[PDB]
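Protein chains in written order, with full-length UniProt numbering: chain A, 22 to 46; chain R, 22 to 46; chain Y, 22 to 46; chain G, 22 to 46.
Note that the Cβ used here is the ideal one computed from N, Cα and C, for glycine as well.
Number of protein chains: 4
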Amino acid sequence: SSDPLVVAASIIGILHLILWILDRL
Amino acid sequence: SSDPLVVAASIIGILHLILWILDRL
Amino acid sequence: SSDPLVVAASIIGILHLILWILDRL
Amino acid sequence: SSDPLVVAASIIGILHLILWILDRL
Ligand SMILES: [Ca+2]
Ligand SMILES: [Ca+2]
Ligand SMILES: [Ca+2]
Ligand SMILES: [Ca+2]
Ligand SMILES: [Ca+2]
Ligand SMILES: [Cl-]
């Protein structure tokens with residue numbers, strides 16, 4: 022388990038990557 | 022809970038994203 | 022130990038960096 | 022505490038930011 026702040030940041034990071042990929046495709 | 026180093030890095034990462042967004046807006 | 026989601030995000034982040042480096046080299 | 026992999030990724034992430042800043046300055 023992780024700090025809820027870290028879980029939040031990890032999710033935001035992944036969604037950022039996904040949106041970036043979709044933008045370029 | 023997380024290592025204090027990881028908590029620090031997560032906060033820095035989020036603030037980086039926020040500042041980037043504000044810069045572009 | 023960390024949340025499996027955070028472990029996943031950390032791995033993705035590192036592989037992203039590696040691929041970026043290889044792309045530029 | 023965190024998974025050693027996550028600690029490693031957090032350190033790499035921060036050093037990446039620092040080097041980027043120094044490069045631009
Ligand atoms: Ca806490
Ligand atoms: Ca420690
Ligand atoms: Ca933990
Ligand atoms: Ca969980
Ligand atoms: Ca492990
Ligand atoms: Cl963690």
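Exercise. How is residue 31(G) classed by DSSP in three states: helix, strand or coil?
Worked result: helix
For this session: State buried or exposed for residue 44(R), treating a residue as buried only when at least 16 other CB atoms are found within 10 Å of its CB.
Result: exposed
Exercise. Around ligand 3, which residues pass a check of Cβ closer than 7 Å to any of its heavy atoms?
Worked result: 22(A), 23(A), 22(R), 23(R), 22(Y), 23(Y), 22(G) and 23(G)
Problem set entry | Secondary structure of residue 46(Y), DSSP reduced to three states | coil
Exercise. Under 8 Å between C-beta atoms, does residue 35(A) make it to chain Y?
Worked result: yes
Exercise. What residues of chain Y sit near residue 24(G), judged by a beta carbon separation below 7 Å?
Worked result: 22, 23 and 28
Problem set entry | Min CB distance residue 46(G) to chain R below 8 Å | no
Problem set entry | Cutoff 8 Å: residue 38(R) Cβ touching any chain A Cβ | yes
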